[PDB]
């Protein structure tokens, strides 16, 4: 459903049932250095005051940054998982879409780093979220 990178033959939880499937995250482009995704704003994305939830921008950043790393390292026997996230909220989003662009800024052996920009339909930069992703040898 969401176009997450297909790196495994099966997954513990299907897209539609995940947080990401529930709120409607969809990945558009995906390369080792850059990934983009979007989501249509609906109440399920908002908090009680009618604005997109701060948690939604973080979740979209965490998924996109982590999965962009997974797309490269999994076939090398590595697992990749977000280790830290820092989000700044510059302006709220009331409706329309949120579009995320993840740009790889450092790729170390144990940690990758991505800057994610989150824009509204007018192209205004509404939030930024940077992700540090830990890369470790798969256990299983």
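Numbering follows the first chain given and starts at 1.
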Report summary line: Going by the entry, of stretches 39-47 and 26-34 the one with greater average Cα B-factor is 26-34
Query raised in the report: Can you tell me which stretch has the higher mean Cα B-factor, 64-72 or 50-58?
Result: 64-72
Report task. Quick one: classify residue 20 as lowest, middle or highest third of the chain based on its Cα B-factor. Result -> lowest
Requested in this report: Using the B-factors in the PDB entry, rank residue 116's C-alpha atom against the chain and give the third, lowest, middle or highest.
Outcome: middle
**Report entry** Chain thirds of CA B-factor: placement of residue 131
**Finding:** lowest
Requested in this report: Please place residue 110 in the lowest, middle or highest third of its chain by C-alpha B factor as given in the entry.
Outcome: middle
